[PDB]
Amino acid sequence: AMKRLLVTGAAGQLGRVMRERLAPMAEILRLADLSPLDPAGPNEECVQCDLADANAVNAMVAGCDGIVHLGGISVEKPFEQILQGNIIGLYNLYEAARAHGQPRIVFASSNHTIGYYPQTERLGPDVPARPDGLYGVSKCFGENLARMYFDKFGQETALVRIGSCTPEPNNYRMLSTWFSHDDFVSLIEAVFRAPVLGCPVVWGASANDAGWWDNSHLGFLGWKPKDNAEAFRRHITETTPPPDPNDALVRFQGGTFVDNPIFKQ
């Protein structure tokens, strides 16, 4: 398909998955991370750079026809680290894209943007943010920044609020939040194939019977996830303690992130 697809955060959990899974989407896959990467194989380029380094980011993006942006701080951490990877880093990514043809972006946002909602409430894409920590707040920043770039310059971005992207559901919450590898891959393919995308909020979950999120307004994209966490309900009962009804795990959409304090360095 496209000539060069950039995957940031390529040394991380989802990154290593996409390095393999997204290979067929582009002639060249460019992997990037602040961490060392397994050496480039055929049809790969590998880049080491800090998202906080504007010039390095510019060079990282130059020549790419698309970006799957997975790089950054992925859990609650002290402000200083989140500022670097998720705030400053987002600005640098969007400036870099703006300078190099505005390649379409799949932004790994997070359920933690809305982590304080009760699990009993079904959410559409326009609900007000209720971030469950500094991490969630920084993902909101990425979303607001992407939106401004879309309105101002036409830069297109899929704001994918990922639930739990794992090999399989492994706790009660994931019966709702699970986002299979296959379904995330198919979403990415649907996002790049669209003639027109805009800057939509996308709920990153598989077709789970217990899902909390409404993607119906994204119908124009033609993406229907195929996996269903519900198949794993018995597996969960036979491999974990039953949740305590007072556990954040079953009370808040962000689960135990709500229990995180403000971490300090």
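Numbers follow the displayed sequence, beginning with 1.
S.K.: Using only the Cα atoms and their B-factors as the entry lists them, report which of 231-239 and 207-215 averages higher.
M.R.: Taking the mean B-factor of the alpha carbons in each, 231-239 is higher.
S.K.: Which wins on mean Cα temperature factor, 70-78 or 105-113?
M.R.: The stretch with the larger average C-alpha B-factor is 70-78.
S.K.: If I read the C-alpha B-factors straight from the PDB entry, which of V196, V202, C199, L51 is highest?
M.R.: It is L51.
S.K.: By the recorded C-alpha temperature factor, relative to the other modelled residues in its chain, which third is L83 in?
M.R.: Top third by C-alpha B-factor.
S.K.: Lowest, middle or highest third: which one holds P245 when the chain's residues are ordered by CA B-factor from the entry?
M.R.: Middle third - that is where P245 ends up once the chain's C-alpha B-factors are sorted.
S.K.: Against its chain's modelled residues, does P39's Cα B factor rank lowest, middle or highest third?
M.R.: It belongs to the highest third of the chain when residues are ordered by C-alpha B-factor.
S.K.: Lowest, middle or highest third: where is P225 by Cα B-factor in its chain?
M.R.: It falls in the middle third of the chain.
S.K.: What third of the chain, by the recorded C-alpha B-factor, contains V258?
M.R.: For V258, the deposited C-alpha B-factor lands in the lowest third.
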